[PDB]
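Only one chain comes next, encoded as structure tokens, the form deposited in one PDB entry.
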């Protein structure tokens, strides 16, 4: 009944940095060729959405943010082949065009059609499908999931299991798949190893889950907020350390605890200092350190390259290293088969209209993931 029509709906518009979202009426254009219009069912609040509000992550404003979500296809544009109206879908903040040199590489997942390197905040055709107060509103990572309806390019959506519980599997759209893959795919954590995970929010907890699945013997969670430790242990942390409790720098503490450095370290915060600390705490000859945290816009870190010359490996990754459109349906199939759990990441559930309370819960330290329901 809305097919081929402009939809008027509620969305959370960010007009300026460091301001609350404005819940207001937007107009959502119908999909053009190779585009898909999705009725949102559930969206998580990721720290990367908050980085947009803070200006730590730069993307054009005004914007509809939100990138961790699940919904049901309302309609398809001409030429769409991979989803149909009524399908359950997760939007892909990292697309999979299937055509570019990265998509064709066996170990690449950062498709060259992404809007993350040089954000334009548009559809692939350089235009917006959102109007508010008669003005065009930017898209966010090709997703924009803080709206009752969104329009995505076909390369930025995956069809999932028709019986999927969308109020859980939204997390497969970002935080779970990012942390889990950071361990199983990017670091390739080995059986019997010692891991260190810096940051025990939803992504860091998912890194722990992946380290445990990979059979790590020791998983040391590190967080300045000791209220994060109990859940970190529930999902597999063998020990938790608060840097604030020690006189020595934490890389020194972790190097001692692991009898000369950890096998695998993960930076899951987004601070330059912890990126260098996490590198430093992995064993100097054969340690691996993964950057998962999104750093503050345009800022460089400083480091001593003797950290690498001894033998360390340093790497980072988007979305866990997963090829998004191949991986997300498989991840949902595994979730349905109970190969991993998402409920440990969900601490709060709120209606969409309470999005600003959801951001307050994240900022205060109280939540892991809040799931917003439409």
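Under this definition, the rigid core comprises the largest set of C-alpha atoms superposing within 1.5 Å between the forms. Positions refer to the first chain, counted from 1.
What comes next is about the form deposited in another entry, which does not appear here.
Among the candidates 165, 243, 85, 77, the CA atom that moves 2 angstroms or more between the shown form and the other one after core superposition belongs to 243 alone.
Superposition of the core reveals a Cα shift of 2 Å or more for residue 226 between the shown form and the other one. Annotation for residue 209: C-alpha shift under 2 angstroms between the shown form and the other one, rigid core superposed. The two forms, fitted on the rigid core, differ between the shown form and the other one by 2 Å or more at the CA of residue 252. One change in the other entry concerns residue 294 and residue 142, whose Cα atoms lie at least 3 Å farther apart than in this form.
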